[PDB]
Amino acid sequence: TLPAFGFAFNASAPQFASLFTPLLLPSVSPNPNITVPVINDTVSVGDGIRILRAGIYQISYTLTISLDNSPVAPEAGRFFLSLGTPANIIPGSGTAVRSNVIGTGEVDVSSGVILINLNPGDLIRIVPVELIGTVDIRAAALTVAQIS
């Protein structure tokens, strides 16, 4: 049987990060020639991916983060993957960024990869858990791929 997988992303709609608020991931169709959902036995719900098949999964997320130092300097965010409710964070999935206190204009990329046992009904989302300032998420992506 082909492994379960899913890919959800936001390529064209920046969003500001809010505490314990899952990032929006409206798209599932990355190939520009044969443009179809890259989904097999998972469900993209609009802010993440729901597992339908118990198994071991490799999960990645990638964020492009603009910390322009307005209206406060520095700006910072700490992000995790969450299982179910947004506060139910996954240790091992955390990443964090912070700008310099001087100047303006920094844009950074955070990406993380984990492996995790998951079960039917588990909802995987990207959640900001600590924020300073207005943290602009220019793009976001979430990959889920069963190891089998």
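Residues carry their position along the shown sequence, with the first being 1.
Peer 1: Return whichever of 100 to 108 and 77 to 85 has the greater mean Cα B factor according to the PDB record.
Peer 2: Result of the comparison: 100 to 108.
Peer 1: Please place residue 45 in the lowest, middle or highest third of its chain by C-alpha B factor as given in the entry.
Peer 2: Residue 45: CA B-factor falls in the highest third of its chain.
Peer 1: Lowest, middle or highest third: which one holds residue 11 when the chain's residues are ordered by CA B-factor from the entry?
Peer 2: As the PDB entry reports it, the C-alpha B-factor of residue 11 lands in the highest third of its chain.
Peer 1: Is the Cα B-factor recorded for residue 114 in the lowest, middle or highest third of its chain?
Peer 2: Residue 114: CA B-factor falls in the lowest third of its chain.
Peer 1: Place residue 65 in the lowest, middle or highest third of its chain's C-alpha B-factors, as listed in the PDB entry.
Peer 2: For residue 65, whose C-alpha B-factor we compare with every modelled residue in the chain, the answer is the lowest third.
Peer 1: How does residue 59 rank on Cα B-factor within its chain, lowest, middle or highest third?
Peer 2: It belongs to the lowest third of the chain when residues are ordered by C-alpha B-factor.
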